[PDB]
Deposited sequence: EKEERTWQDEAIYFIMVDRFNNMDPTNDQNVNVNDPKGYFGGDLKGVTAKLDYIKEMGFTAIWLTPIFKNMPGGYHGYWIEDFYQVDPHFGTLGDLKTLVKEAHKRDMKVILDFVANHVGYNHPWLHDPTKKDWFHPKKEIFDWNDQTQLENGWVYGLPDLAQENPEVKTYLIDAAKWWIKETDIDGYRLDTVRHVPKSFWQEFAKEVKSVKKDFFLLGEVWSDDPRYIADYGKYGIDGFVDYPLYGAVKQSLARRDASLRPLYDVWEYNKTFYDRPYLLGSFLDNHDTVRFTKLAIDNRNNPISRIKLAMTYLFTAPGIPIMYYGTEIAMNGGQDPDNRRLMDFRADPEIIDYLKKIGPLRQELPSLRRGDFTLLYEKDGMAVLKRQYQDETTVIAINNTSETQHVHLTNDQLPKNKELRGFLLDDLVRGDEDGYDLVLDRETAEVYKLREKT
């Protein structure tokens, strides 16, 4: 029985991915990417082990809304990205390939100068125009105009009804499988609770992925009490910047995050892990700034995501070491004829997560970490895997005891084909610099 903790998500900003059906030299303009472009790359995505895609919003936007987040019409596809038919086609085609489609949904606000502002029957549809002054004050966070965006009043039953109805409508119309929920910390928990109860009732197993941009796992985790299934893991991202983004950096922060997640969240396996997104600098730029090779960095970093708990979420272009700084330079036009070195690697590790249940459902034990060389063990049912990640500049040796693994078994490697024979003293792993290995325990009984 496939569940959401089994998935891996390829995350696409639509206008910036693939134009098959507008000024490319304007960093804040439309580049032309559309839904037909997404559909044409489903096999491409599936091959790297992704079982699901998340699209940025595709509703009709206010002028300039290339990214989709400035909604105008909640009941219409933006003509820049194509038609309702195109979208239905995308979902059908993904479904043929056993892939899920999550759409990006905004309940918090509409685009700048939205017409409802000047509609007398919808004056009560908005909070008084106010800046968010104290980003630790929940009332301001919830009533303020986020980056000046007209902020909707979900306490008004008309707004609450309009939004929920619209959300349900797209599920019925196109058979999507989830929503990534925008600006969740800006909308009251009592609304999300009802939204979740109602939207998710349209379709069995319909998944909500919340964006609560906080570095405090307890803050995010409380929203899990209000019907949102999973969350983008911003606390992990903080760890990623200090660990995976720099060679010879301890990987302990990453595990500490998990240890905290498992305790704070009811569903810690539905936390979306990411090396970057459309709101951060590119991981490639983090690596370059650290005077590291992006190629080996990304291969190493994505191996952690694909071997750790949660739901891996990879931003389009990561697989070609896409460079980029602050929004909008992190949204460059995708390249489908770049070097395939990371793609070929991902074609090993991505699918490997799908093929070994312990990587999707196992526990997550730290057997060893010292200065960037980490060894982890995951167990699920009869299966035991051991993941070793060498984040250092040299070959590393790690000895595991017969108290950390059953005695006298064998460990087969699934990245570099390798075998490790246990003895009376335990097991010895040796990894070259900046390499990882996934071992599955082999039984001799």
Checklist entry - Hey, which stretches of the deposited sequence didn't make it into the model? => result 1-3, 25-30
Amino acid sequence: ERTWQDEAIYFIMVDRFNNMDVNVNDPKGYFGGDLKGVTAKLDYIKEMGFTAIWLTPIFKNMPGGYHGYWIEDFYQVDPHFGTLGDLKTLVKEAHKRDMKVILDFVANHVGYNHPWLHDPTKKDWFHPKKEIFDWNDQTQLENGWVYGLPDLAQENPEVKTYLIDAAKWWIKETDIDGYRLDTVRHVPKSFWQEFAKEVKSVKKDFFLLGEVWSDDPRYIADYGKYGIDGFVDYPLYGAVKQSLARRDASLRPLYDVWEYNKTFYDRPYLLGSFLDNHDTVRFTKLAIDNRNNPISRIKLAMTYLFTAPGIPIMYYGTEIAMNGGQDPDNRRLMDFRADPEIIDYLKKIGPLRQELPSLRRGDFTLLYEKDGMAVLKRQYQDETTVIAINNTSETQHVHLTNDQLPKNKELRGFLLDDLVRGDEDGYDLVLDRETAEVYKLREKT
From here on, numbers count along this sequence of modelled residues.
Checklist entry - Which wins on mean Cα temperature factor, 39-47 or 25-33? => result 25-33
Item to check | Segment of higher mean CA temperature factor, 332-340 or 187-195 | outcome: 332-340
Next on the checklist: By the CA temperature factor listed in this entry, which of these ranks top: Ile12, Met20, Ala436, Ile9?
Outcome noted: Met20
Next on the checklist: Out of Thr280, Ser214, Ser273, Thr121, whose C-alpha atom has the biggest B factor in the entry?
Outcome noted: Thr121
Checklist entry - Where does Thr56 sit by CA temperature factor within its chain: lowest, middle or highest third? => result lowest
Checklist entry - In terms of the chain's CA B-factor thirds, is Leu366 lowest, middle or highest? => result middle
Checklist entry - With respect to C-alpha B-factor, does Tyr69 fall in the lowest, middle or highest third of the chain as deposited? => result lowest
Item to check | Among modelled residues of the same chain, the CA temperature factor third for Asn293 | outcome: highest
Checklist entry - Split the chain's modelled residues into thirds by Cα B-factor; is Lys96 in the lowest, middle or highest one? => result middle
